[PDB]
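Here we start with a single chain on its own, the form solved without the partner chain, put down as structure tokens.
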């Protein structure tokens, strides 16, 4: 049995201004009975109502999730939020905003050339590197509209040669999409980015 507590996504925190944190509890057996996830703030001040979700996995695991809305000013000013896991057959996790040097991300967008026999599709790629810390949100937009999250896949932050991190994002598109409008935007949201914590670059397929 292991538990994890995440920080707010930069998109939710800075753009949407509705940050949430998630207590993710993975139960191995799972022992009979209901797990309890209890939220608190280090200050002892009130917390909002949380959402709870659980589902039995294919391999037999019970996965439990609790998502807590947090105040925007509360989080940025350094509040510590705590998740307590209770199971009869005690785990404590906490989260607060990281401290340390900040660095904005570099962003680059690319499009693959045509692969023989696959005329109706291309792969778009985005390199986002040299940012600090590793918390970052990546989105893809078409027609100034964000595409669904499941359309793309973004790698985990790996360390660069020095202090910074990098991620790669991949988005498969169709010929119908780029013929409707041949411009796609990779957008990164990061605490150290400027202005408005947003950095974005565009790419076009430029078909023959």
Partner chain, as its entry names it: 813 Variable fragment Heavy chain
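Residue numbers count along the first chain shown, from 1.
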Between residues given as residue 89 and residue 90, how many of the deposited sequence are not built: none, 1 to 3, 4 to 9, or 10 or more? 1 to 3
Of 124-132 and 111-119, the one with larger mean CA B-factor: 111-119
Can you let me know which of the two, 22-30 or 163-171, has the higher average C-alpha B-factor in the entry? 22-30
Selection from 141, 35, 42, 68 [criterion: highest C-alpha temperature factor in the record]: 35
Which of these has the highest Cα B-factor in the record: 98, 137, 94, 72? 98
Residue 13: CA temperature factor from the record, placed by chain third, in the middle
Going by the recorded CA B-factors, say which third of the chain residue 152 sits in, lowest, middle or highest. lowest
Position of residue 194 among the chain's modelled residues by C-alpha B-factor, lowest, middle or highest third: highest
Here the Cα B-factor of residue 179, set against its chain, lands in the third termed middle
Quick tally, chain-level thirds of C-alpha B-factors: residue 204 sits in the lowest
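From this point on, the text means the form solved in complex with the partner chain, which you will not see here.
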Given that the partner chain is not shown alongside this chain, does residue 26 nevertheless sit within 4.5 Å of it in the deposited bound form, heavy atom to heavy atom? no
